[PDB]
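Beneath this line is the structure, given in structure tokens, with notes to follow.
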Amino acid sequence: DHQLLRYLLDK
Amino acid sequence: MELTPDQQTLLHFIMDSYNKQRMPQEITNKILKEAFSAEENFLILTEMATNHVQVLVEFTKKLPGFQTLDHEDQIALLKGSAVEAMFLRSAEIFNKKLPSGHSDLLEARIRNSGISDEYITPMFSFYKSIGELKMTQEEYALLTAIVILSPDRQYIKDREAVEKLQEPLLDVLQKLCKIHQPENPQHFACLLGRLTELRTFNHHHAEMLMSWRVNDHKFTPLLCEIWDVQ
Ligand SMILES: O=C(NC1CCCCC1)[C@H](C1CCCCC1)n1c(-c2ccc(CO)cc2)nc2ccccc21
């Protein structure tokens, strides 16, 4: 779903 | 009454992390210098808000214990606080002292920026009410962390894990409030009370954005998933 927020959080 | 060495370390860590934000001077100087059309102002806000969300994710992941939380609760907290954190930051910026007549011009420029009349009133009432608190940068930084680490957000699987993370930040803020303002012993209560007003802005936010007097309401993909706009 929210893959942009997920990407920013998991970096 | 005074802060413990752990609390002092916590406060400074939050403060440095909070200062990675775009300078209040950069925002005010941009809109005070030139008068813009609603189209340009919508685009300014969209650029401002994308930078804000990016820096907010970085601030949030540096919050002690945030990385130890369940990954689904992490998203929920960020989605839950992003609009509130944005209005609290705008409120911070709005209430920074500027030369004579500058704060008046800034206010008049936001008022005719392109937003609907109906949303200007609760927004400016919230800003002016935040100013009446005469908040320090420390207080703004801690209250932002407290807003982010709210255990009573929607779709939180483990409230207790979030509670345990927000409690040391509340303790620090309360110690600060009772130090800077012993004259107003209700200062801490007033700060926490503003948080319930921030929550209202979250509810009508998508309507606020679509109400802008522009032909096309174009948002960045990041703002689209954070704000739930198309
Ligand atoms: O730039 C801005 N906000 C950013 C957001 C991310 C965090 C930093 C501030 C904008 C706009 C001001 C009018 C011209 C275009 C930008 N703004 C608002 C504001 C106006 C409307 C909405 C919702 O529709 C939300 C916020 N309040 C401000 C108070 C002070 C200085 C800017 C302020």
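Order of the sequence lines sets the chain letters (A, B, ...), proteins ahead of strands, with each chain counted from 1. Order of listing sets the numbers, starting from 1, for every ligand and every atom in it. Just so it is clear, the values below take in all heavy atoms, side chains as well, and ignore hydrogens, waters and symmetry mates.
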Check: Does the gap between the ring centers of B/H205 and B/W227 come in under 6.0 Å?
Finding: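 Distance test on ring centres: under 6.0 Å, yes.
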
Next item on the list: For residues B/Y18 and B/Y140, establish whether the separation of their ring centroids is below 6.0 Å.
Entry: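 Aromatic pair excluded; centres sit 6.0 Å or further apart.
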
Notebook entry, point to check: Taking any residue with a non-hydrogen atom under 4.0 angstrom from an atom of ligand 1, which ones do you get?
Noted result: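 Residues near ligand 1: B/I27, B/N41, B/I44, B/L45, B/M48, B/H52, B/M86, B/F87, B/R89, B/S90, B/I93, B/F94, B/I110, B/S113, B/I115, B/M123, B/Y127, B/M208, B/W212.
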
Notebook entry, point to check: If you link I, L, V, M, F, W and Y whenever their side-chain heavy atoms are under 4.5 Å apart, who else ends up in the same group as B/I93?
Noted result: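 Its cluster mates, by chain and number, are B/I27, B/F36, B/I44, B/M48.
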
Notebook entry, point to check: Would you call the rings of B/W212 and B/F42 parallel, tilted or perpendicular if under 30° counts as parallel and over 60° as perpendicular?
Noted result: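 Rings of B/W212 and B/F42: perpendicular, as their planes differ by over 60°.
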
Checklist line | Closest approach of B/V162 to B/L149 (non-hydrogen atoms, all atoms of both residues) | finding: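 Minimum heavy-atom contact is CG1-O, 3.4 Å.
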
Check: Salt-bridged, B/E132 to B/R194, with N to O below 4.0 Å?
Finding: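 No, no charged N to carboxylate O under 4.0 Å.
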
